[PDB]
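Take a look at the structure set out below.
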Amino acid sequence: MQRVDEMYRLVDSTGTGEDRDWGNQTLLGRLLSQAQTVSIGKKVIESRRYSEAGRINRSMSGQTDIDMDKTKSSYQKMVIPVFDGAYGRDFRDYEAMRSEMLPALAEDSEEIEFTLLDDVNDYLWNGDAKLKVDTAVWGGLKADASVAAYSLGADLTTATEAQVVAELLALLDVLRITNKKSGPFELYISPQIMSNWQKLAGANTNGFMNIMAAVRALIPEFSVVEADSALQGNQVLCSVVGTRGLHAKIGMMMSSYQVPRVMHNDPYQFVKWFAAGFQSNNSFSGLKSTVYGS
Amino acid sequence: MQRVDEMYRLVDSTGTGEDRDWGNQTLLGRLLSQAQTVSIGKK
Amino acid sequence: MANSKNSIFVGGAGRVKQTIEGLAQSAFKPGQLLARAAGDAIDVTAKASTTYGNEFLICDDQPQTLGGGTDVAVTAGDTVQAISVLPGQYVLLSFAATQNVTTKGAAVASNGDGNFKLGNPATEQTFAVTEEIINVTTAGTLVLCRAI
Amino acid sequence: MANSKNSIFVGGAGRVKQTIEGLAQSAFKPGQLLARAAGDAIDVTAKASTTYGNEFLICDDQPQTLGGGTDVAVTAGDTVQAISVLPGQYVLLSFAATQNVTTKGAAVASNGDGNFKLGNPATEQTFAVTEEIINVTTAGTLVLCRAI
């Protein structure tokens, strides 16, 4: 029960934490679901790329010396680092909180695991220049030399409906024209643009429609158009996902264990760890496959 | 395989091909599908 | 804040701490330098900065089930649960004002008021070694340091 | 050779090492004294011999699967895996030239070039204690020492 100096208040310790973000891990949720699993210890993963080759002779009869050629090969490098994190309480506290049925441990395993993936999400968009084996840095999706840089001209937060599609095709043509890539694309936006793609479309007058519904009909060759909070402001990103484009390789899947207690007053401790790596594709002639807008 | 000086490189042997163009052989893909077959020698 | 600082002993996932219980004399904040006195009471050190032979004794945060945190001061005249720091552990200390930590690895001396400072390691006892690049301006900020 | 010296951390069968990663600046040999600098880069110490407060930070041998041994120098501008030495472990240091180790238990100071020497323990920081009776003449020989 309670005392007599505490009969003026009723409590309820059900607890409610924070909400994460809006479009938090949409890109990383797609990469880690199509990932290839390699063995741990393999720090560098070399993938081979080959060429095109051929000679063709022609005549009207069919008896001429037929020529020959063959294909070359080259290689590309990625890297696999290891992430880890832990949490823990003391001895007198956790035995006190076991009686009150306040959990305070399972509501920490569901909390470090979010902060664990945040630094991987930081690594994917900002590669720290201190995990390098021979030449296999990553650098990040907005500073790498394996990512095509394209500067936007018009601000996509204040522009009309017409300047959006006129400056979204100029982004897609750094993948169809000057880089020769094909196949199904994907598009990712900052929330400062996905919010501002709800204003009035000046062209269509049959009621009221937003700019976002004028890109999900005008550009049908787009698999998903989602938001991701790693970009901020006037910046977008269009690329290919899958084994022929932006891909990920998982070293060790996310596992957890408990440090065992020896004495009677050993504190409770738990450890979660994870290991994977990222790389964008690059063909043998050197044709990039991801474009980062501004 | 994998000399123990290195032993740290999972070298893969898939290839990851080479992509086509968007509109490479669209016309020729229609002509050679409606073509009539004649005998060789008829020049 | 990606660097959450709500536990004063963050020093590895397999290293347990060494605890020195005792009585209180004042109301100090967790993460300050202590010194045991006559009877069985602990308080702030209040020794000189240029005196050697002092034991690495910092004030652990109090338990969660007693109203304890990394900023809640202790209640006077009670049992204060402290920490004796072994060499080779990371602990959150508490620095004084107007000093910036530039390089990971500087010497951590002890100020006379119970806080720490970056001093020259030729006339004062070196307790720990810095492990975080931040700049502090208000006295009482928690900075990660390795105790070797 | 009955005393094989092909691992720089030989300090017990139950004691694990404490590792401090970081970037390189030069090409040093494993078993030399290091000092962390600005940014996140490590190199040789190049401090004075009569300066206290330095951390016991030696260069671990690189992994076998990266071309690492006890005499292979590190590659510059890369990740050098180092060792912070806890008190009470044995490690293979690297001495300078023209000094003989007679008694097990002398004081091990630090030379200014990144190697160690037998100095007088009254004006320099004592890092470790000798544990092998050998005489060295070429600078860069591995001598077993206990870190207390």
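By order of appearance in the structure tokens: chains A, B, ..., then residues from 1 within every chain, and ligands from 1 in the order shown.
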
Practice prompt. Give me the residues within 12 Å of region 216-220 of chain A as a list in words, counting only C-alpha atoms and dropping any in the same chain fewer than 2 places off.
Written response: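 Counting only C-alpha atoms, the residues come to residues 161, 162, 164, 165, 166, 168, 169, 172, 184, 185, 186, 187, 197, 210, 211, 212, 213, 214, 222, 223, 224, 225 and 226 of chain A.
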
Under the rule of at most 6 Å, produce a per-residue listing of chain D near chain C: chain, number, name, the closest pair of atoms, and the distance in Å, as CSV, using only C-alpha atoms.
```
residue,atom,partner,partner_atom,distance
D:37,CA,C:103,CA,5.8
D:38,CA,C:103,CA,5.0
D:52,CA,C:121,CA,5.4
D:53,CA,C:121,CA,5.1
D:86,CA,C:88,CA,5.9
```

Worksheet item: In Å, with one decimal, what is the gap from CA of residue 262 (chain A) to CA of residue 17 (chain D)?
Response: 20.6 Å

Give as a PDB file with C-alpha atoms, in the first residue's frame every residue of chain D that touches chain A within 9 Å, counting only C-alpha atoms.
```
ATOM      1  CA  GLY D  22      43.297   4.204 -34.992  1.00  0.00           C
ATOM      2  CA  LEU D  23      44.919   5.540 -38.125  1.00  0.00           C
ATOM      3  CA  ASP D  40      42.218   9.875 -35.027  1.00  0.00           C
ATOM      4  CA  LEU D  66      47.108  -9.094 -43.506  1.00  0.00           C
ATOM      5  CA  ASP D  78      45.805   2.560 -42.559  1.00  0.00           C
ATOM      6  CA  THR D  79      44.202   1.047 -39.464  1.00  0.00           C
TER       7      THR D  79
END
```

Discussion item. Excluding residue 69 (chain C) and its own-chain neighbours fewer than 3 positions away, which residues fall within 9 Å of it when counting only C-alpha atoms? Please give them as number ranges by chain.
Written reply: C: 6-8, 30, 61-64, 72-73

Would you put the residues from that selection into a file with N, CA, C and O atoms, as a JSON list (two decimals), in the first residue's frame?
```
[["chain", "number", "residue", "atom", "x", "y", "z"],
["C", 6, "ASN", "N", 23.89, 8.62, -19.02],
["C", 6, "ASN", "CA", 23.06, 8.37, -17.85],
["C", 6, "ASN", "C", 23.51, 7.15, -17.06],
["C", 6, "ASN", "O", 22.67, 6.43, -16.50],
["C", 7, "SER", "N", 24.81, 6.90, -17.00],
["C", 7, "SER", "CA", 25.40, 5.88, -16.13],
["C", 7, "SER", "C", 26.87, 6.21, -15.97],
["C", 7, "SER", "O", 27.58, 6.35, -16.96],
["C", 8, "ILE", "N", 27.33, 6.34, -14.72],
["C", 8, "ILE", "CA", 28.66, 6.89, -14.50],
["C", 8, "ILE", "C", 29.76, 5.85, -14.70],
["C", 8, "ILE", "O", 30.93, 6.22, -14.85],
["C", 30, "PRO", "N", 27.19, 13.04, -8.51],
["C", 30, "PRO", "CA", 27.90, 11.84, -8.96],
["C", 30, "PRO", "C", 28.92, 12.15, -10.05],
["C", 30, "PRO", "O", 28.64, 12.90, -10.99],
["C", 61, "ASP", "N", 26.70, 6.89, -9.34],
["C", 61, "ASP", "CA", 25.31, 7.30, -9.29],
["C", 61, "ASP", "C", 24.55, 6.37, -8.36],
["C", 61, "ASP", "O", 24.83, 5.17, -8.28],
["C", 62, "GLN", "N", 23.58, 6.93, -7.65],
["C", 62, "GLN", "CA", 22.79, 6.16, -6.71],
["C", 62, "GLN", "C", 21.84, 5.24, -7.47],
["C", 62, "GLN", "O", 21.62, 5.43, -8.67],
["C", 63, "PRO", "N", 21.30, 4.20, -6.82],
["C", 63, "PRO", "CA", 20.37, 3.30, -7.50],
["C", 63, "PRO", "C", 19.11, 3.99, -8.01],
["C", 63, "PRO", "O", 18.72, 5.06, -7.55],
["C", 64, "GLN", "N", 18.50, 3.35, -9.02],
["C", 64, "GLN", "CA", 17.27, 3.87, -9.61],
["C", 64, "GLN", "C", 16.12, 3.83, -8.62],
["C", 64, "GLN", "O", 15.25, 4.71, -8.65],
["C", 72, "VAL", "N", 21.29, 13.95, -10.10],
["C", 72, "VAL", "CA", 20.65, 14.07, -8.80],
["C", 72, "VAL", "C", 21.72, 13.97, -7.72],
["C", 72, "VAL", "O", 22.47, 12.99, -7.67],
["C", 73, "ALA", "N", 21.81, 14.99, -6.87],
["C", 73, "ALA", "CA", 22.79, 14.97, -5.80],
["C", 73, "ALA", "C", 22.37, 13.98, -4.72],
["C", 73, "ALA", "O", 21.21, 13.60, -4.59]]
```

Practice prompt. At a cut-off of 10 Å, list the chain A residues touching chain B, using only C-alpha atoms, as a ChimeraX atom specification.
Written response: /A:38-52,60-62,73-79,133,176-177,180-183,243-245,281-285

Worksheet item: Quick one: residues within 12 Å of residue 105 (chain A), only C-alpha atoms counted, chain neighbours fewer than 3 positions away excluded, as an NGL selection string?
Response: :A and (86-90 or 93-95 or 97-98 or 101-102 or 108-112 or 268-270)

Fill in: Coordinates-based distance that separates CA of residue 76 (chain D) from CA of residue 249 (chain A) (Å, one decimal)
28.0 Å

Discussion item. Would you pick out the contacts of residue 137 (chain C) at 10 Å or less, using only C-alpha atoms, so that residues sharing its chain but fewer than 5 positions from it are not included, and give the list as a PyMOL selection string?
Written reply: chain C and resi 95-100

Would you put the residues from that selection into a file with N, CA, C and O atoms, as an mmCIF file, in the first residue's frame?
```
data_model
loop_
_atom_site.group_PDB
_atom_site.id
_atom_site.type_symbol
_atom_site.label_atom_id
_atom_site.label_comp_id
_atom_site.auth_asym_id
_atom_site.auth_seq_id
_atom_site.Cartn_x
_atom_site.Cartn_y
_atom_site.Cartn_z
ATOM 1 N N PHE C 95 34.431 17.543 -15.212
ATOM 2 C CA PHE C 95 35.481 18.536 -15.357
ATOM 3 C C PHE C 95 35.052 19.890 -14.806
ATOM 4 O O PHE C 95 33.885 20.124 -14.488
ATOM 5 N N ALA C 96 36.025 20.786 -14.702
ATOM 6 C CA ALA C 96 35.791 22.162 -14.294
ATOM 7 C C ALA C 96 35.485 22.999 -15.535
ATOM 8 O O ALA C 96 35.220 22.463 -16.614
ATOM 9 N N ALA C 97 35.509 24.318 -15.403
ATOM 10 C CA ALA C 97 35.133 25.202 -16.493
ATOM 11 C C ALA C 97 36.352 25.685 -17.268
ATOM 12 O O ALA C 97 37.481 25.671 -16.770
ATOM 13 N N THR C 98 36.090 26.120 -18.508
ATOM 14 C CA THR C 98 37.037 26.785 -19.415
ATOM 15 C C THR C 98 38.268 25.922 -19.701
ATOM 16 O O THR C 98 39.403 26.288 -19.390
ATOM 17 N N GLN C 99 38.019 24.770 -20.320
ATOM 18 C CA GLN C 99 39.085 23.934 -20.859
ATOM 19 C C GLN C 99 38.503 23.053 -21.952
ATOM 20 O O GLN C 99 37.430 22.470 -21.781
ATOM 21 N N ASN C 100 39.208 22.969 -23.075
ATOM 22 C CA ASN C 100 38.767 22.166 -24.203
ATOM 23 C C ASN C 100 39.660 20.945 -24.354
ATOM 24 O O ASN C 100 40.878 21.021 -24.174
#
```

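Taking CA of residue 266 (chain A) as the reference point, CA of residue 19 (chain C) is found at 11.6 Å.
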
Item to complete: Write down as an NGL selection string the residues belonging to region 121-212 of chain A that are assigned helix (DSSP H, G or I) by DSSP computed on the backbone.
Response: :A and (121-125 or 162-166 or 169-172 or 191-194 or 212)

Within 12 Å of residue 293 (chain A), counting only C-alpha atoms, which residues show up once you throw out same-chain ones fewer than 5 positions away? Write them as a PDB file with C-alpha atoms, in the first residue's frame, please.
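selection12.pdb, written as the output of this step:
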```
ATOM      1  CA  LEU A 141      26.082   7.656 -50.267  1.00  0.00           C
ATOM      2  CA  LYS A 142      26.566  11.431 -50.582  1.00  0.00           C
ATOM      3  CA  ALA A 143      30.362  11.656 -50.849  1.00  0.00           C
ATOM      4  CA  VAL A 147      27.971   7.697 -56.792  1.00  0.00           C
ATOM      5  CA  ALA A 148      27.102  10.095 -59.608  1.00  0.00           C
ATOM      6  CA  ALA A 149      26.856  13.664 -58.332  1.00  0.00           C
ATOM      7  CA  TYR A 150      24.210  15.833 -59.993  1.00  0.00           C
ATOM      8  CA  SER A 151      23.442  19.401 -58.948  1.00  0.00           C
ATOM      9  CA  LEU A 152      19.806  20.478 -58.907  1.00  0.00           C
ATOM     10  CA  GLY A 153      18.983  23.891 -60.310  1.00  0.00           C
ATOM     11  CA  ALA A 154      15.473  24.612 -59.052  1.00  0.00           C
ATOM     12  CA  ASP A 155      14.484  24.280 -55.403  1.00  0.00           C
ATOM     13  CA  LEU A 156      12.039  21.380 -55.122  1.00  0.00           C
ATOM     14  CA  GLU A 167      13.835  18.591 -63.133  1.00  0.00           C
ATOM     15  CA  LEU A 168      13.072  14.981 -62.262  1.00  0.00           C
ATOM     16  CA  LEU A 169      13.732  13.790 -65.807  1.00  0.00           C
ATOM     17  CA  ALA A 170      17.044  15.658 -65.803  1.00  0.00           C
ATOM     18  CA  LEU A 171      17.961  13.484 -62.809  1.00  0.00           C
ATOM     19  CA  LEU A 172      16.810  10.216 -64.397  1.00  0.00           C
ATOM     20  CA  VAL A 174      22.051  10.554 -65.643  1.00  0.00           C
ATOM     21  CA  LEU A 187      13.522   7.143 -55.735  1.00  0.00           C
ATOM     22  CA  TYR A 188      14.079   8.541 -52.237  1.00  0.00           C
ATOM     23  CA  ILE A 189      13.164  12.012 -50.958  1.00  0.00           C
ATOM     24  CA  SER A 190      13.847  14.176 -47.945  1.00  0.00           C
ATOM     25  CA  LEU A 231      18.437  13.475 -46.463  1.00  0.00           C
ATOM     26  CA  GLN A 232      17.304  16.867 -45.207  1.00  0.00           C
ATOM     27  CA  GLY A 233      15.977  19.740 -47.236  1.00  0.00           C
ATOM     28  CA  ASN A 234      16.522  19.971 -50.989  1.00  0.00           C
ATOM     29  CA  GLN A 235      18.135  16.617 -51.749  1.00  0.00           C
ATOM     30  CA  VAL A 236      16.967  13.417 -53.462  1.00  0.00           C
ATOM     31  CA  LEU A 237      18.486  10.116 -54.562  1.00  0.00           C
ATOM     32  CA  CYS A 238      17.627   7.803 -57.465  1.00  0.00           C
ATOM     33  CA  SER A 239      19.302   4.453 -58.063  1.00  0.00           C
TER      34      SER A 239
END
```

Discussion item. Measuring between only C-alpha atoms, which one of D:65, D:3, D:75, D:50 shows the shortest distance to residue 5 (chain B)?
Written reply: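 Once distances to residue 5 (chain B) are computed over only C-alpha atoms, the minimum belongs to D:65.
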